[PDB]
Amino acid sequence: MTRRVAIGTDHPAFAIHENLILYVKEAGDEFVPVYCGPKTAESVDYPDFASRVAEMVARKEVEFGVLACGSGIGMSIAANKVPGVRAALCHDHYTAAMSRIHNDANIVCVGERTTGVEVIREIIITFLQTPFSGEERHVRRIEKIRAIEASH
């Protein structure tokens, strides 16, 4: 009954990949990091790593994903291209919490060049720990997102 969390980065965020692994563990003993990012700081293409994590989330191999690039923007765009994925670019505690409470987000995206590591830590912990509210209006809106996916 533990919860798997796939982690991916591109090259700038490779610098903090050990941080990301640690922060997932810090969210609780029930969270198991699955690192899927690169092994060097050599230039790579973020969509490749977004895709790897997003597909795992979509196939339900893991419950959550954590993605980091320079700004988080690339990861959030690429990951959301996978049906079943709800990837939330978060920059603080509030966005991290609300992404779960309102959007039942399954992937958190952060920017290594934009957000300091202790805020990234807080984002990851908050994202993982905060439950989805389950409230009627949110469920309806999430279903509407799914409908958009279905239509394409």
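Position 1 is the first residue in the sequence shown; the rest follow in order.
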Going by the mean C-alpha B-factor recorded in the entry, which is higher: 33-41 or 120-128?
33-41
Compare the mean C-alpha B-factor of 143-151 with that of 4-12 as given in the PDB entry, and name the stretch with the higher value.
143-151
Between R86, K60, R113, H91, let me know which has the highest C-alpha B-factor in the entry?
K60
Would you please rank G65 by its C-alpha temperature factor against the other modelled residues of its chain and give the third it falls in: lowest, middle or highest?
lowest
For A96, does the deposited CA B-factor place it in the lowest, middle or highest third of the chain?
lowest
For the chain shown, is the CA B-factor of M56 in the lowest, middle or highest third of its modelled residues?
highest
